[PDB]
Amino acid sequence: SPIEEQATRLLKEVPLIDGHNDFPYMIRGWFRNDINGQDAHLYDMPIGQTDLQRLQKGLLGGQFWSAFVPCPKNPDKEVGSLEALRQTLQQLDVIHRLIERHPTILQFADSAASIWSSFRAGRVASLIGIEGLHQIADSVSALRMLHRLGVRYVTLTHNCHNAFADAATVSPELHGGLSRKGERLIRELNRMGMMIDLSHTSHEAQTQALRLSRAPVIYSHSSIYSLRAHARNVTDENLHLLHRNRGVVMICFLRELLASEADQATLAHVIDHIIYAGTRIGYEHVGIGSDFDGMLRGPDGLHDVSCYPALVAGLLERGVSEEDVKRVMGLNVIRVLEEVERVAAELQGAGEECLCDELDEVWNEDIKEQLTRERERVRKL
């Protein structure tokens, strides 16, 4: 077929970079992060929508691998919050081990340059995102260390409110958008060069973040409110503010976000959503954000990671131009990552002060007096 030949050509010309995949959490569920001697299963999985053979088959150029851990359910809030941090390091660890044990398929990337070098080598550019600020355990220091471990976006919430922002699915509202700490964290996220992800956050939290952010943001996996009314989808208001922000909405394959009855959801519905956003706010602000392995069953025609060529062909069939399809595939999310890094370099170049954690005093006045008294003795020498 000519359109399938066209789709295959585009997939090798530019990387299709998917916004969100929970394959690392499936490894935690199935293997408990022990992948020693499990290559046969990692290439051909007995569960889930992602494995290394199907990943190759669908010609995916890059992937933001989710380092998601669940919202804390311990009655002791201190324990649950700290437990989420330990579990986050476990998920970051298995992601890095997955990449390092399969270097012919996966190659770690944390920038636009590293995405392209991975793609030109014939690897899936493997980036990392955390899904919720519950994962940092109220520690901006921890957040900066997650950036050093390779995390390049942070979803501000999952399906629970935190100290910084409100989730979409939980009611009633806690902060009514972003908190004071949330507003201050946006500045720090822009300063460090962490991409803001507005998926799972409330409509009001999106509006406030889109106005405040000095860098372009993403929706790593969200769809369109006007076509399908859901708390998780993006309103026309926030789509316009995303345009002003220079951000990208990466369209989700979640069946509940595409149709009123989930079993009616299709590949066509995903294309409807991409075209709606592309028509109204331009094709340079739309992406692909599957959320594969964040669901049991995908839409008809998008059942697993092998189905991306059908999506690329489907967009071309509906009259989306070759250049605009390349933008939707991956050039847009590359641009946002570029601009996030460029804004960070500008703010770090100017010497902007970083956000610090509020710590307890470890020394009393007696210890501090002994230290100053000791320093003065050394000055006399």
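For every residue, the number given is its place in the sequence shown, counted from 1.
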Quick check on the record: does 257-265 or 146-154 carry the larger mean Cα temperature factor? 257-265
Of 323-331 and 348-356, the stretch with the higher mean C-alpha B-factor in the deposited entry is 348-356
Have a look at 173, 110, 197, 284 and flag the one whose Cα has the highest B-factor in the entry. 173
Compare the CA B factors listed in the entry for 71, 274, 234, 95 and report the winner. 71
Can you work out whether the C-alpha temperature factor of residue 309 puts it in the lowest, middle or highest third of the chain? middle
Using the B-factor values recorded in the entry, state whether the Cα atom of residue 46 falls in the lowest, middle or highest third among the modelled residues of its chain. highest
Of the three thirds of its chain by CA temperature factor, lowest, middle or highest, which one includes residue 371? highest
What third of the chain, by the recorded C-alpha B-factor, contains residue 164? highest
Chain thirds by Cα B factor, record data; residue 82 belongs to the highest
